[PDB]
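Only one chain is included here, represented as C-alpha cells and corresponding to the form deposited in one PDB entry.
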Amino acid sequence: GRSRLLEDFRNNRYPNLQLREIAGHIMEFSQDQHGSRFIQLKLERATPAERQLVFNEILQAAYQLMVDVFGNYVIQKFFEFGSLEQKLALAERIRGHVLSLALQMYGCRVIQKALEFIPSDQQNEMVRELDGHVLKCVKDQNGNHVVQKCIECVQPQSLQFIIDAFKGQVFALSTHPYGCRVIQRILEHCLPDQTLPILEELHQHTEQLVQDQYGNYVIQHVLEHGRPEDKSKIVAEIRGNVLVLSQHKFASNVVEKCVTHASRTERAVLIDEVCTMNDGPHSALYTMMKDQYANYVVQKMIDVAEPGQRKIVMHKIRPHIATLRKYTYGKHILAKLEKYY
C-alpha cells in the first residue's frame, strides 16, 4: 500500500528529506499523517517553484484531499499561503461540491479557509450552492461553521437567501445549539433590512429566549452590541421580573447584561426595583443575596451603580452582614464588600 519511499520515510530513514525528493508522491504523503505534516512544514518556507511541484500533483485529486483527515491541511495551506492562481484553480475543484463539502468533517474546513481567501466572485458562487439548503447547514455540526463563515466573509447582499430562510423561524433557531451562533453572526454583519425582521422576532419571544439554554446568549449579544432601542425593549421585559429572572440559571446572565448595558435611567430603575421590592419579610435584594445565581446579579449591581445609588445598595446590605456568613452564596457577597469599605 505505502510505497517504499513513504514506508522508509515513516521509519525515519530519511532525516533530510526535501520537498523536491517526494516528487510523484504528493497525494500519498498528503494522505499520511507525518507526510502531510512534512508537506506543511516544507510549504510555508518553500519557494514558489517547490510550491508549484506540490500543486501539480494535488490539483486533479484536490477533492480527495479536502475530505481526508490529513490531506485537508495541505489544501488549506494553498488557500492561505498559495498563490492567486492556485487558489482560483482549487475553487474550480470545489465547484459543484460546496454543499457536500460544507457538511463534511474535513471538507468544511477547506470551504471555510477558501471563503476567507477567494475573491467575491468565487465567494458568491460558493454561497449560491447552498441555495435551498440553508437550514440543513445551519443545523449540521460542520455546515453551521461554514454558514457562519459565509456571513463573516461574503457581501451581506448575497446572504439575503439565508435571511429569507430564517424569517419566521428565528425563535426556533435561536434556541438551537448552532442556530444561535448563526443568528449572532447575522446581527454582527448583515444589513438593517436584514437584521430588523430578525430583531422583531427576537423581541416577540424575549421572555422565552432569556430563559433558554441557548436563547439567552442571543439576547445578551443584542445587549452587548445592539442598538439602544433594541436594548431598551429587552430591558423592559426584565423590569418587573428582576428578582425572579436573577434566580434562574440562564436568565440571570441576561439580567446582569441589562444592569451593565442599560442606559443610566434603565440601570437605576433595575437596581431600585430590588432595593424597593419586598420578597416576603425582607427585600428582593436580600433573597437575591442568598441565591446561587442571584448573588452574581447583586455583585454586578454593586459594580455598576452610580456612587449615590451604590450607597443605597450598601445600606440595604448592611443590616444582614453578620447573617450573610451562614449562607453559602451570601458569603460571596461578603467577599465583594471588602472591596468597598
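In case it trips you up, residue 1 is the first one in the sequence shown, and so on. Think of the rigid core as the biggest set of C-alphas that the two forms share within 1.5 Å after superposition.
Note on 135 to 143 vs 81 to 89: mean CA B-factor is higher in 81 to 89.
Note on 194 to 202 vs 72 to 80: mean CA B-factor is higher in 72 to 80. Taking the PDB entry at face value, the top CA B factor among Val54, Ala46, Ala294, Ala62 belongs to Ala46. Among the modelled residues of the chain, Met27 sits in the lowest third by CA temperature factor in this PDB entry. For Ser120, the recorded CA B-factor ranks within the middle third of the chain. Only modelled residues enter the ranking. Among the modelled residues of the chain, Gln104 sits in the middle third by CA temperature factor in this PDB entry. Ranked by Cα temperature factor within the chain, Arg128 sits in the middle third according to the deposited record. For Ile58, the recorded CA temperature factor ranks within the lowest third of the chain's modelled residues.
Unshown form deposited in another entry; subsequent notes refer to it.
Taking 2 Å as the criterion, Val313 counts as shifted between the shown form and the other one: its C-alpha moves by at least this amount when the rigid core is aligned. Put the two forms on the same core and the Cα of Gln31 is off by less than 2 Å between the shown form and the other one. Relative to the superposed core, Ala62 undergoes a C-alpha shift smaller than 2 Å between the shown form and the other one.
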